[PDB]
Amino acid sequence: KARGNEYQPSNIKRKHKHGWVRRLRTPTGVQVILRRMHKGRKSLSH
Amino acid sequence: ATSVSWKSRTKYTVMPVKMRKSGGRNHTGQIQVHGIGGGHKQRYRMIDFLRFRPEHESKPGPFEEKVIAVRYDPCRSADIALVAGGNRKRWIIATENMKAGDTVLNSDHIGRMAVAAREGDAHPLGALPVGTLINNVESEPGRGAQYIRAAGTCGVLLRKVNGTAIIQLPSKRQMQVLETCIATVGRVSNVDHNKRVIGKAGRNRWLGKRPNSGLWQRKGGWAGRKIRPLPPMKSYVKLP
Amino acid sequence: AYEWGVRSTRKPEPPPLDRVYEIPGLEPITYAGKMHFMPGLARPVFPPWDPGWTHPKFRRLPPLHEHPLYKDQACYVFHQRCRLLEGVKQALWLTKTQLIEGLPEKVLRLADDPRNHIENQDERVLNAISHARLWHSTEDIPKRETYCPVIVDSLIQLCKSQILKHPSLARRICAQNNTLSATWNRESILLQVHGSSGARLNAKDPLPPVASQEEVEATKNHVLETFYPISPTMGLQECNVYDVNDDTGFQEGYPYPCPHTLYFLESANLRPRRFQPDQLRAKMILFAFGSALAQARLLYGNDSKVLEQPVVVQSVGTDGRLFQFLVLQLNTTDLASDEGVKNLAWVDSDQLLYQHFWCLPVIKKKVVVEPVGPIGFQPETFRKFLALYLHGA
Amino acid sequence: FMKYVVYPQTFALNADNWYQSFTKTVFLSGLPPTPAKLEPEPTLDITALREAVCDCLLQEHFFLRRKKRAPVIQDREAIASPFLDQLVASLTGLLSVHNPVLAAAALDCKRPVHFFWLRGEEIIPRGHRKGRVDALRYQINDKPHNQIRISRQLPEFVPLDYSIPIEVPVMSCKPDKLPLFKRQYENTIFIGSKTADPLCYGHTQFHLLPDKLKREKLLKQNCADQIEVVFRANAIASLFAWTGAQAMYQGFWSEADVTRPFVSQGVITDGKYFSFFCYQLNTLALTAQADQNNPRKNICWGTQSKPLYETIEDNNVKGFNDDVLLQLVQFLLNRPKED
Amino acid sequence: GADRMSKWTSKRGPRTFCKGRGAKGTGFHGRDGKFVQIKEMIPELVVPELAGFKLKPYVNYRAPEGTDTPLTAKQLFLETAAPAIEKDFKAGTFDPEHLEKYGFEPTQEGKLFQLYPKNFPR
RNA sequence: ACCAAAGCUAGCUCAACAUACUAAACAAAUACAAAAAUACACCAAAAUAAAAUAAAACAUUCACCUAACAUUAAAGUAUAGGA
RNA sequence: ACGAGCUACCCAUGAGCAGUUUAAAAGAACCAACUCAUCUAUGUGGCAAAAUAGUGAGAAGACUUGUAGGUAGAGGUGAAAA
RNA sequence: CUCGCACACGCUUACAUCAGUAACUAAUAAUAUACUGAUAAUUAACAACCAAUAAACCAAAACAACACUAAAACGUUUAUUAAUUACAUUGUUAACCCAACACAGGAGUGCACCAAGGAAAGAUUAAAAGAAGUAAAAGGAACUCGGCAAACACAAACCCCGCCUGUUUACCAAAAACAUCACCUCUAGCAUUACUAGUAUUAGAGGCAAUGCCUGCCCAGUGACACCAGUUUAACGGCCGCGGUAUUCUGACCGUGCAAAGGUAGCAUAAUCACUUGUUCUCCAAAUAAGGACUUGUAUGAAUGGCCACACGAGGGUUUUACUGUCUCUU
Ligand SMILES: [Mg+2]
Ligand SMILES: [Mg+2]
Ligand SMILES: [Mg+2]
Ligand SMILES: [Mg+2]
Ligand SMILES: [Mg+2]
Ligand SMILES: [Mg+2]
Ligand SMILES: [Mg+2]
Ligand SMILES: [Mg+2]
Ligand SMILES: [Mg+2]
Ligand SMILES: [Mg+2]
Ligand SMILES: [Mg+2]
Ligand SMILES: [Mg+2]
Ligand SMILES: [Mg+2]
Ligand SMILES: [Mg+2]
Ligand SMILES: [Mg+2]
Ligand SMILES: [Mg+2]
Ligand SMILES: [Mg+2]
Ligand SMILES: [Mg+2]
Ligand SMILES: [Mg+2]
Ligand SMILES: [Mg+2]
Ligand SMILES: [Mg+2]
Ligand SMILES: [Mg+2]
Ligand SMILES: [Mg+2]
Ligand SMILES: [Mg+2]
Ligand SMILES: [Mg+2]
Ligand SMILES: [Mg+2]
Ligand SMILES: [Mg+2]
Ligand SMILES: [Mg+2]
Ligand SMILES: [Mg+2]
Ligand SMILES: [Mg+2]
Ligand SMILES: [Mg+2]
Ligand SMILES: [Mg+2]
Ligand SMILES: [Mg+2]
Ligand SMILES: [Mg+2]
Ligand SMILES: [Mg+2]
Ligand SMILES: [Mg+2]
Ligand SMILES: [Mg+2]
Ligand SMILES: [Mg+2]
Ligand SMILES: [Mg+2]
Ligand SMILES: [Mg+2]
Ligand SMILES: [Mg+2]
Ligand SMILES: [Mg+2]
Ligand SMILES: [Mg+2]
Ligand SMILES: [Mg+2]
Ligand SMILES: [Mg+2]
Ligand SMILES: [Mg+2]
Ligand SMILES: [Mg+2]
Ligand SMILES: [Mg+2]
Ligand SMILES: [Mg+2]
Ligand SMILES: [Mg+2]
Ligand SMILES: [Mg+2]
Ligand SMILES: [Mg+2]
Ligand SMILES: [Mg+2]
Ligand SMILES: [Mg+2]
Ligand SMILES: [Mg+2]
Ligand SMILES: [Mg+2]
Ligand SMILES: [Mg+2]
Ligand SMILES: [Mg+2]
Ligand SMILES: [Mg+2]
Ligand SMILES: [Mg+2]
Ligand SMILES: [Mg+2]
Ligand SMILES: [Mg+2]
Ligand SMILES: [Mg+2]
Ligand SMILES: [Mg+2]
Ligand SMILES: [Mg+2]
Ligand SMILES: [Mg+2]
Ligand SMILES: [Mg+2]
Ligand SMILES: [Mg+2]
Ligand SMILES: [Mg+2]
């Protein structure tokens with residue numbers, strides 16, 4: 001019906017999907033972290 | 001991610017073990033079989049299909065067990081039976097007329113004279129008469145009962161030649177095996193299983209059958225009454 | 001056969017050793033020196049770790065055969081939660097006892113005598129049943145694990161309210177969770193009743209025998225029923241670490257030596273978790289025989305002989321609403337043979353204290369058709385309970 | 001609504017004063033004035049009662065062969081709880097011949113006791129309801145080790161209008177610093193049995209102190225004067241809750257304040273020590289709306305904790321105090337007035 | 001969405017997220033679920049006696065300071081072992097093989113307060 | 001007359017040389033849900049570049065396209081190309 | 001490369017359905033909580049990038065729902081509406 | 001006038017005290033839970049972290065006495081080891097979360113329907129037009145595509161299509177579409193990750209739709225088995241042309257030719273090219289509407305299913321009372 005509220009917060013899901021461990025457990029996530037580090041991002045992950 | 005199977009239980013037990021269903025999905029997580037999922041919760045009762053399994057090797061001869069109760073099994077069409085002998089109890093596949101307090105014989109002896117084929121008894125194929133209705137047929141000696149198991153289904157012994165038994169399966173196919181293979185006699189329980197009428201679309205969902213897809217597919221050349229000849233005899237003996 | 005282990009779920013086999021390990025006279029270059037894994041170097045093989053100083057929590061469990069009490073001969077132990085397949089038959093065979101349907105005539109007349117009743121027996125028993133089933137807890141529907149011990153304690157207190165005009169019930173005491181161990185040989189089988197029961201009553205004065213000499217003699221001609229397909233030891237725990245010592249629940253010099261009544265409760269909220277009545281009778285028979293055997297061996301000696309003075313014990317098994325009564329008289333200690341004199345056991349079975357209890361009023365078509373309270377009431381079961389309690393005095 | 005959960009078996013340092021503040025209870029040392037008009041009934045056998053108590057001690061300490069206890073600490077809960085049960089059972093059985101009401105009395109084992117009441121008002125400090133007057137609600141969830149319930153009420157110790165120079169202690173501080181914490185759940189008033197139970201009156205409670213509030217634990221914690229404070233707090237809270245449950249089962253509440261004092265007795269036992277208390281609920285109008293002109297106060301009589309035995313070993317009680325046994329005998333021989 | 005610059009402390013998660021704030025552990029979990037505290041794991045403050053101590057947190061303002069001469073291994077050796085070595089060598093009893101009598105510790109695994117493994121916090 | 005307008009600096013860009021190239025901080029905590037001192041393991045993986053485009057379409061082909069040999073010429077020559 | 005915190009479907013783990021009629025917990029009936037969204041009128045840069053009011057369908061089941069996990073684009077999932 | 005209290009998830013100080021608000025936030029002021037500054041605060045008993053190794057153990061929850069089928073989460077005991085010795089660590093505020101907002105929206109659970117929460121109106125006047133409501137003489141659908149909406153009514157019938165409950169195009173289509181019990185075809189004689197810890201009364205790929213009567217002929221072509229013949233249509237599919245006769249008009253018949261057979265039963269102007277508003281009767285004072293009958297539909301038709309029937313349907317049409325501002329004609 002009404003959209004726009006597709007984000008229902010949950011810390012467990014947030015950390016399990018975009019966490020440091022989740023990023024580092026795969027070669028592609030390590031590449032994502034390296035890209036963020038090269039750009040100079042303040043926060044590499046959640 | 002990759003899921004792990006629920007079948008990690010190395011110890012045989014009589015009490016039902018809880019099972020995790022998976023609707024058509026493989027270990028990867030993608031569907032491999034359609035129309036499965038959303039059924040009723042079930043507990044798995046482990047069945048010992050190797051009927052002739054002596055409790056101890058010190059007495060490897062024929063042994064007699066007593067039937068305690070014939071019960072309903074949600075994981076199979078046939079009814080199961082609890083048989084106790086010595087210090088262990090086992091779930092076996094009940095025959096057409098098994099009742100509580102019955103006696104079953106498990107043997108591995110072959111003689112020149114055929115044995116009077118009872119219903120619950122399990123004898124090697126070489127000791128049964130030539131016109132015997134059997135079930136739980138075993139392919140290789142000591143392998144287990146992979147063949148006939150469904151409710152009411154039974155095979156028919158046809159002829160024994162050269163120390164080798166020939167059976168006819170419910171699919172009307174001839175299967176040749178060694179005459180020392182152990183097979184239970186008689187029809188399997190629940191002979192009225194084919195006459196059950198599903199009252200509504202909800203009973204299928206209870207059983208765990210999701211509805212078929214609504215996509216309309218035009219029939220190809222596969223359809224139509226294919227009158228194919230009976231496939232040749234399936235032989236399991238190893239001819240040198 | 002069909003193995004019950006799935007390959008993907010078993011412990012995976014170790015990866016194959018590097019090819020450098022198969023070359024004779026060649027030391028492999030591994031990454032053990034850098035204390036972390038690195039690709040390109042061979043996998044180092046390590047001997048099993050030896051924590052030179054032993055740690056209690058973080059050590060591998062010692063093997064069973066290393067225990068000083070380990071014995072080659074297997075002992076069949078019956079503990080509190082062991083189930084017997086052919087319950088009464090198996091218990092009678094294992095304890096060498098003869099089953100009798102009715103309760104002993106002494107207990108029966110003690111119950112039937114109207115001068116042994118409490119002041120307001122009917123009202124007090126109905127009040128106890130109602131309090132146990134509904135009133136004892138603030139919940140709407142109390143659970144069996146709560147109302148079984150409560151009803152047993154209420155009945156025990158009702159029977160203890162008899163002491164004012166039977167000044168002999170003060171010679172007793174109650175014991176909870178004590179270790180009983182009694183072992184015996186039964187046709188080349190080393191059986192052992194070992195564990196703990198629900199509750200026990202101890203008394204200063206021995207309970208007098210209830211079996212007549214004619215019945216004891218006629219017990220000789222009785223032949224115990226034998227069931228062929230099932231071994232007599234079915235349902236017991238086959239162990240190898242055990243002590244062959246008739247150690248009763250108490251130390252020497254106890255002021256209340258003689259057991260009087262065991263109390264077994266099936267206070268479980270699940271039917272599969274609860275005992276079947278047959279298994280319950282088997283358990284009461286086995287524990288009563290174990291207590292009687294321990295008492296007899298403490299009194300007379302360890303020699304296997306027919307007792308000139310029998311030892312009688314009682315047992316009450318309660319499901320919450322169903323009561324089973326046991327009076328077991330041990331007459332003999334030699335049990336290896338099956339031809340001598342057998343013990344006796346009067347078993348009163350399926351004694352319904354009440355058919356059903358409605359904790360809430362039932363309304364059918366806008367009117368209450370049955371009020372709150374126990375539906376159907378048999379005071380004879382409580383009469384038997386009181387007779388068993390008063391059998392000592 | 002939200003309410004404090006008062007724990008009778010509390011670890012707070014000075015909890016008796018706070019419980020008296022919450023209860024409007026004055027604590028008086030010593031037993032209440034005895035009704036010396038008693039007939040020469042106590043001809044019982046002190047030797048027999050001492051033998052029974054010693055037998056219970058020896059059975060629960062040395063004679064009982066329990067399962068092997070791997071820890072060497074030998075916790076005093078699993079050895080004193082069965083002792084308390086056996087002691088209560090044996091004493092009741094032996095004294096029921098002298099006191100006929102104990103024969104018909106009901107013995108309750110670890111049955112919960114609940115009481116919910118209001119006491120004063122408070123301005124709400126935080127939230128959207130800030131600045132509004134809200135009453136202070138308390139709930140006691142007690143599980144006495146043993147209870148004796150009787151059909152008829154025990155006689156009153158002092159007249160309902162009893163006046164005491166000692167005033168109820170007032171605390172110029174928030175209840176949150178005891179510390180106490182508010183919780184919201186079912187607020188029940190329970191006596192140990194439902195209202196339909198004919199045994200709506202109580203006789204004596206037995207409370208076993210836990211392993212956390214032991215004398216050695218308090219001495220290690222550097223709380224030497226808390227040894228009696230814990231007893232006082234447990235007695236006050238438990239006895240008040242149970243007497244208030246009796247009163248509200250009879251039908252009295254804040255606006256229907258009690259017409260007859262409700263009397264209860266309590267025995268608080270450590271692993272070794274005993275203490276005796278007597279409580280009389282005179283008023284139930286503890287709320288602010290009914291406490292404006294309410295002179296009645298609840299009274300709790302206390303006794304110094306005295307050891308029963310002394311360091312027993314090897315089925316021989318070394319020291320035995322008859323004062324504790326006589327106190328227990330007097331409490332169990334207290335009987336309702338006959339009419 | 002949720003923040004990313006903020007610190008991920010124990011206040012920002014569910015009930016099952018109970019993260020420590022940096023305090024060292026003081027025991028383990030016992031049998032019935034309680035926490036068993038180990039006495040040896042709790043630090044014991046070795047506090048001296050300051051009753052007769054004639055020093056104050058501040059120094060006199062006219063008291064002169066000194067040139068900064070940080071203590072080095074060479075200076076420490078010269079102060080603690082050089083005179084003994086010189087005297088023993090002059091006497092002629094010097095034994096190069098045995099140096100344990102001069103304060104040298106060949107292995108740190110024996111003594112209580114080890115230097116390289118740093119067995120002591122402070 | 002309000003709104004407003006003007007500074008000359010912060011710093012950037014392109015090359016040369018260059019030590020020879022992941023700066024400083026790293027007391028404690030940091031790949032448990034990172035910054036959470038502390039328990040009997042498992043760890044690792046490679047398999048061609050494609051296409052947008054040009055050939056006025058598009059199928060064989062389409063320079064550079066994150067692989068070293070630089071510069072002056074031979075030379076846009078020999079050759080390769082739905083030639 | 002990143003996405004199944006919305007949604008499609010599964011896997012675990014929990015939770016809800018009060019009253020009335022019926023030997024019924026019968027994919028029965030009336031009707032609440034609850035879930036959907038038939039028709040109409042407002043609204044159309046609106047309360048709202050899909051809502052409000054009235055009126056409707058189901059409401060012991062092929063039911064609604066919380067938490068967490070899985071299936072990822074030459075694909076997933078689909079009681080096919082591409 | 002009544003969506004209140006608490007917990008879980010979520011935000012992180014927005015919470016509390018004092019002080020200030022010219023301006024910044026409140027879509028405006030008053031002042032303040034929403035702005036500014038300073039100072040303080042959430043104290044564990046509730047909640048989180050909080051044993052393994054073998055053995056005895058088939059016997060549901062639904063007041064559970066005892067049962068039905070869909071076969072059902074929830075446990076003790078025994079034996080071997082479990083550092084043993086107060087006080088560990090962490091969550092405790094709020095008027096709050098997701099929707100760009102101090103948004104009439106979306107939000108799990110336990111309690112009661114007020115003992116707790118709040119205010120529709122900034123102040124006037126009472127123009128038009130617009131939204132909501134109440135009432136209305138006589139008539140009572142004459143309005144309109146339609147009785148949409150509304151109503152002091154809230155009843156009974158006839159057809160079409162789907163058997164029925166259910167599902168679908170989040171955001172223009174809820175249906176006659178999909179699914180469905182039932183009935184049929186094909187593919188498979190078998191083991192450690194789906195199917196399945198199953199074994200032809202089974203499991204997959206599909207069609208059509210319960211039930212009742214049936215499902216007619218055809219393997220010429222294309223598929224599929226057969227590796228060529230031959231078999232298969234509840235496989236893809238198909239089931240005649242010409243000459244003459246009926247006053248014109250034949251699908252009927254008589255001949256003839258070609259085919260693999262040449263449309264059987266049934267229904268029938270259909271939701272079925274056009275002709276077409278086919279013809280006739282009933283319904284109405286009047287009907288291209290609705291129903292019945294004829295029917296030749298040369299382009300209906302039998303599991304791409306054909307015919308009837310109960311029950312069901314926010315499905316699509318047609319009647320009868322009753323009801324009414326839909327309308328006469330508005331106030
Ligand atoms: Mg968004
Ligand atoms: Mg199945
Ligand atoms: Mg079955
Ligand atoms: Mg199908
Ligand atoms: Mg279809
Ligand atoms: Mg963000
Ligand atoms: Mg947290
Ligand atoms: Mg929280
Ligand atoms: Mg602790
Ligand atoms: Mg081009
Ligand atoms: Mg161009
Ligand atoms: Mg083009
Ligand atoms: Mg182009
Ligand atoms: Mg290219
Ligand atoms: Mg060429
Ligand atoms: Mg997911
Ligand atoms: Mg999801
Ligand atoms: Mg209902
Ligand atoms: Mg229904
Ligand atoms: Mg609406
Ligand atoms: Mg309206
Ligand atoms: Mg509604
Ligand atoms: Mg409805
Ligand atoms: Mg309906
Ligand atoms: Mg493409
Ligand atoms: Mg796709
Ligand atoms: Mg379509
Ligand atoms: Mg389309
Ligand atoms: Mg926010
Ligand atoms: Mg502020
Ligand atoms: Mg403003
Ligand atoms: Mg709060
Ligand atoms: Mg206004
Ligand atoms: Mg107007
Ligand atoms: Mg109007
Ligand atoms: Mg009106
Ligand atoms: Mg009118
Ligand atoms: Mg009209
Ligand atoms: Mg008109
Ligand atoms: Mg309408
Ligand atoms: Mg009408
Ligand atoms: Mg109508
Ligand atoms: Mg339909
Ligand atoms: Mg029907
Ligand atoms: Mg429907
Ligand atoms: Mg769906
Ligand atoms: Mg939808
Ligand atoms: Mg739509
Ligand atoms: Mg619909
Ligand atoms: Mg719609
Ligand atoms: Mg359909
Ligand atoms: Mg048919
Ligand atoms: Mg169709
Ligand atoms: Mg049909
Ligand atoms: Mg056909
Ligand atoms: Mg063909
Ligand atoms: Mg052909
Ligand atoms: Mg076609
Ligand atoms: Mg003509
Ligand atoms: Mg017709
Ligand atoms: Mg037409
Ligand atoms: Mg019309
Ligand atoms: Mg025509
Ligand atoms: Mg046609
Ligand atoms: Mg057609
Ligand atoms: Mg077809
Ligand atoms: Mg209709
Ligand atoms: Mg519809
Ligand atoms: Mg008017």
# chains A, B, ... in the order shown; residues from 1 in each chain; ligands from 1
>>> closest_atom_pairs(of="chain G", to="ligand 18", cutoff="9 Å", atoms="only C-alpha atoms (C1' of nucleotides) and all ligand atoms", output="CSV")
residue,atom,partner,partner_atom_place_in_ligand_line,distance
G:17,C1',ligand 18,1 (Mg),6.3
G:18,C1',ligand 18,1 (Mg),7.1
G:19,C1',ligand 18,1 (Mg),7.7
G:25,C1',ligand 18,1 (Mg),8.9
G:59,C1',ligand 18,1 (Mg),8.7
G:60,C1',ligand 18,1 (Mg),7.0
>>> select_by_dssp(residues="chain E", states="strand (DSSP E or B)", output="PyMOL selection string")
chain E and resi 27-29+35-37
>>> atom_distance(atom1="atom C1' of residue 38 of chain H", atom2="atom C1' of residue 15 of chain H")
16.6 Å
>>> residues_near_ligand(ligand="ligand 13", cutoff="12 Å", atoms="only C-alpha atoms (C1' of nucleotides) and all ligand atoms", output="ChimeraX atom specification")
/F:52-58
>>> write_last_selection(atoms="N, CA, C and O atoms (P, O5', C5', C4', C3', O3' and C1' of nucleotides)", output="PDB file, in the first residue's frame")
ATOM      1  P     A F  52      29.234  -4.430 -29.337  1.00  0.00           P
ATOM      2  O5'   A F  52      29.069  -2.937 -28.807  1.00  0.00           O
ATOM      3  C5'   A F  52      27.880  -2.546 -28.140  1.00  0.00           C
ATOM      4  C4'   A F  52      28.056  -1.280 -27.337  1.00  0.00           C
ATOM      5  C3'   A F  52      28.420  -0.024 -28.104  1.00  0.00           C
ATOM      6  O3'   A F  52      27.300   0.555 -28.752  1.00  0.00           O
ATOM      7  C1'   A F  52      29.617  -0.136 -26.043  1.00  0.00           C
ATOM      8  P     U F  53      27.196   0.578 -30.354  1.00  0.00           P
ATOM      9  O5'   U F  53      28.604   1.149 -30.827  1.00  0.00           O
ATOM     10  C5'   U F  53      28.991   2.480 -30.526  1.00  0.00           C
ATOM     11  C4'   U F  53      30.385   2.770 -31.017  1.00  0.00           C
ATOM     12  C3'   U F  53      30.608   2.606 -32.509  1.00  0.00           C
ATOM     13  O3'   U F  53      30.186   3.735 -33.250  1.00  0.00           O
ATOM     14  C1'   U F  53      32.352   1.538 -31.329  1.00  0.00           C
ATOM     15  P     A F  54      29.698   3.564 -34.768  1.00  0.00           P
ATOM     16  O5'   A F  54      31.023   3.166 -35.552  1.00  0.00           O
ATOM     17  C5'   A F  54      32.060   4.111 -35.768  1.00  0.00           C
ATOM     18  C4'   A F  54      33.138   3.539 -36.654  1.00  0.00           C
ATOM     19  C3'   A F  54      32.648   2.820 -37.898  1.00  0.00           C
ATOM     20  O3'   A F  54      32.351   3.701 -38.964  1.00  0.00           O
ATOM     21  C1'   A F  54      34.225   1.467 -36.792  1.00  0.00           C
ATOM     22  P     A F  55      31.095   3.406 -39.916  1.00  0.00           P
ATOM     23  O5'   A F  55      31.549   2.139 -40.768  1.00  0.00           O
ATOM     24  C5'   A F  55      32.648   2.222 -41.662  1.00  0.00           C
ATOM     25  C4'   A F  55      33.105   0.862 -42.128  1.00  0.00           C
ATOM     26  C3'   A F  55      32.095   0.036 -42.908  1.00  0.00           C
ATOM     27  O3'   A F  55      32.025   0.419 -44.272  1.00  0.00           O
ATOM     28  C1'   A F  55      33.164  -1.321 -41.283  1.00  0.00           C
ATOM     29  P     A F  56      30.757   0.026 -45.179  1.00  0.00           P
ATOM     30  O5'   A F  56      29.529   0.748 -44.473  1.00  0.00           O
ATOM     31  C5'   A F  56      29.408   2.165 -44.471  1.00  0.00           C
ATOM     32  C4'   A F  56      29.010   2.673 -43.110  1.00  0.00           C
ATOM     33  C3'   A F  56      27.727   2.056 -42.535  1.00  0.00           C
ATOM     34  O3'   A F  56      27.868   1.811 -41.136  1.00  0.00           O
ATOM     35  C1'   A F  56      27.552   4.407 -42.563  1.00  0.00           C
ATOM     36  P     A F  57      27.853   0.305 -40.571  1.00  0.00           P
ATOM     37  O5'   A F  57      26.486   0.170 -39.761  1.00  0.00           O
ATOM     38  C5'   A F  57      25.236   0.488 -40.350  1.00  0.00           C
ATOM     39  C4'   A F  57      24.250  -0.649 -40.236  1.00  0.00           C
ATOM     40  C3'   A F  57      24.713  -1.877 -39.466  1.00  0.00           C
ATOM     41  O3'   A F  57      24.561  -1.731 -38.064  1.00  0.00           O
ATOM     42  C1'   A F  57      23.728  -2.545 -41.510  1.00  0.00           C
ATOM     43  P     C F  58      25.716  -2.211 -37.053  1.00  0.00           P
ATOM     44  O5'   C F  58      25.829  -3.777 -37.301  1.00  0.00           O
ATOM     45  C5'   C F  58      24.788  -4.661 -36.914  1.00  0.00           C
ATOM     46  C4'   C F  58      25.053  -6.055 -37.419  1.00  0.00           C
ATOM     47  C3'   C F  58      26.420  -6.621 -37.068  1.00  0.00           C
ATOM     48  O3'   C F  58      26.448  -7.209 -35.781  1.00  0.00           O
ATOM     49  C1'   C F  58      26.037  -6.889 -39.380  1.00  0.00           C
TER      50        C F  58
END
>>> closest_atom_pairs(of="chain H", to="ligand 7", cutoff="10 Å", atoms="only C-alpha atoms (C1' of nucleotides) and all ligand atoms", output="tab-separated table")
residue	atom	partner	partner_atom_place_in_ligand_line	distance
H:48	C1'	ligand 7	1 (Mg)	8.2
H:90	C1'	ligand 7	1 (Mg)	7.6
H:91	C1'	ligand 7	1 (Mg)	5.3
>>> interface_residues(of="chain E", to="chain H", cutoff="12 Å", atoms="only C-alpha atoms (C1' of nucleotides)", output="PyMOL selection string")
chain E and resi 1-3+6-42
>>> interface_residues(of="chain A", to="chain G", cutoff="10 Å", atoms="only C-alpha atoms (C1' of nucleotides)", output="list in words")
residues 1, 2, 3, 4, 5, 6, 7, 8, 9, 10, 11, 12, 13, 14, 17, 28, 29, 31 and 32 of chain A
>>> write_last_selection(atoms="C-alpha atoms", output="mmCIF file, in the first residue's frame")
data_model
loop_
_atom_site.group_PDB
_atom_site.id
_atom_site.type_symbol
_atom_site.label_atom_id
_atom_site.label_comp_id
_atom_site.auth_asym_id
_atom_site.auth_seq_id
_atom_site.Cartn_x
_atom_site.Cartn_y
_atom_site.Cartn_z
ATOM 1 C CA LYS A 1 0.000 0.000 0.000
ATOM 2 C CA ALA A 2 2.083 2.893 1.334
ATOM 3 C CA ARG A 3 5.811 2.673 0.613
ATOM 4 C CA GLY A 4 8.898 4.516 1.834
ATOM 5 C CA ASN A 5 9.317 2.576 5.101
ATOM 6 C CA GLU A 6 11.287 -0.303 3.563
ATOM 7 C CA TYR A 7 13.952 0.118 6.276
ATOM 8 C CA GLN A 8 13.027 -1.651 9.516
ATOM 9 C CA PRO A 9 16.072 -1.241 11.781
ATOM 10 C CA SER A 10 17.710 -4.191 13.510
ATOM 11 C CA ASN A 11 21.268 -4.214 14.837
ATOM 12 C CA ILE A 12 21.686 -7.975 14.397
ATOM 13 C CA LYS A 13 20.825 -7.806 10.694
ATOM 14 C CA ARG A 14 22.875 -4.629 10.232
ATOM 15 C CA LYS A 17 25.035 -7.994 6.602
ATOM 16 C CA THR A 28 35.162 -9.404 -2.474
ATOM 17 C CA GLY A 29 34.358 -7.761 0.858
ATOM 18 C CA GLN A 31 38.165 -5.516 -1.888
ATOM 19 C CA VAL A 32 35.276 -3.311 -0.737
#
>>> residues_near_ligand(ligand="ligand 55", cutoff="9 Å", atoms="only C-alpha atoms (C1' of nucleotides) and all ligand atoms", output="number ranges by chain")
H: 215-216, 233-234, 302-303, 305
